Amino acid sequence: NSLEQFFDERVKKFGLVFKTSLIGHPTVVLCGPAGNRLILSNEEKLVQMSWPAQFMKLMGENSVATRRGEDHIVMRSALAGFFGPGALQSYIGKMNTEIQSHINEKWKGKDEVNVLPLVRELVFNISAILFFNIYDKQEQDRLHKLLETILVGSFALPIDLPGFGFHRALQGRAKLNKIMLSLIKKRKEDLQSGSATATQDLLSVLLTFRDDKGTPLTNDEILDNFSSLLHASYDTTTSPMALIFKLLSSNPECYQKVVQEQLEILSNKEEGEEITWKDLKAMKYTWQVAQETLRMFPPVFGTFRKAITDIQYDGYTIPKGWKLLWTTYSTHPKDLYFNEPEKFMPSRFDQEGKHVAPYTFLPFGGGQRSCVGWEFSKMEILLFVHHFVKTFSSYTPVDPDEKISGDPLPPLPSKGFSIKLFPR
């Protein structure tokens, strides 16, 4: 297909339930909220997660994404020990500290900056500290470059031959796995030496995890999970953080309301008092602007599933071994579900999204395959906007007619969103 070229390629020639051939598999795209409910609500019952083989070889077969059945449930339980709302509140300080440092170091004293490069650095560095407690900038830059190489092979042709992108990506995964295996060895030692806590980061959470039978996670499962996690954490959270101020510039009224919400929160805090989980909950309108950005520019257009049994959706029957694709482009860009879909209206998510119809806004999927790091991303997006507004009274886009594009899946500012900075 050509996502980087066009999106929303529908076929009035067929019903919302239209069959097609995708990645050499008969795939029926179930367009519409009901098709979304069918695919996302019936997991391990009528359908099962199916990733293309190319991705299976890049992130491994021992991740929560590549595992199905009880194992996937166990792997999600271990991850809930870090991404669960209760635990996630224990990492706000480190995340807030990094975002504040990044803004003060690379943004505060700059007349003009390119957002994309800075957002990618902050997003990855936050993962390096929360996943492996790695603060060494050079080590962070090393692993950042290694992930960039492996990410190039995910969209390239799956040719495992010398001098090919997919081949070099597989070489990067082997290197990253060796580095991560070393981190696992050192962490186990630090834990026995009392040099590391069991909740300081995701590595300790995964190592410290035991099944109801008391069986621990294997090193390969920890490596594959960390790889699948690094893939779902970088180019995803980067899309909204780089596009939020681009859309807020085209809708200054919305930016005004965000600044009003942020400065009000600060007016109720002492000097030196750090942002709190309660402060984050007070950023309701800021979160509505983020959801409006995700609706208009979904970092993930949709995912595929495998028919684990014959399916009788509507009148047509989806036989076992068939593929099923759902798309945010069946509801997000539809006036039927979102009035004036081309218009940026954070008001669409007023009252905590109490007016959003079911299976219409699915930026983080739904069911048992829903995003594991959605609130982790929301925390970063809110803390990022907070520190920006706290530091800058205003900002001016260098090219207000800058376009949005993807190479090929992550929608991002076509030129990095260069902006003039006006420090408070």
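Start at 1 and count along the sequence shown; that's the residue number.
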- prompt: Out of 49-57 and 360-368, which one has CA B-factors that are higher on average in the deposited record?
  reply: 49-57
field: 141-149 or 69-77, whichever carries the higher mean Cα B-factor
entry: 69-77
field: Most elevated Cα B-factor in the entry, residues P240, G321, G165, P252
entry: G321
query: Going by the deposited entry, which of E261, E270, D235, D220 has the highest CA temperature factor?
result: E270
query: Mind checking which third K415 falls in for C-alpha B-factor across the chain?
result: lowest
- prompt: Within this chain, which third does the Cα B-factor at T317 fall in: lowest, middle or highest?
  reply: highest
message: Lowest, middle or highest third: which one holds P26 when the chain's residues are ordered by CA B-factor from the entry?
response: highest
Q100 CA temperature factor, ranked by third within the chain: middle
- request: Using the B-factors in the PDB entry, rank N42's C-alpha atom against the chain and give the third, lowest, middle or highest.
  value: highest
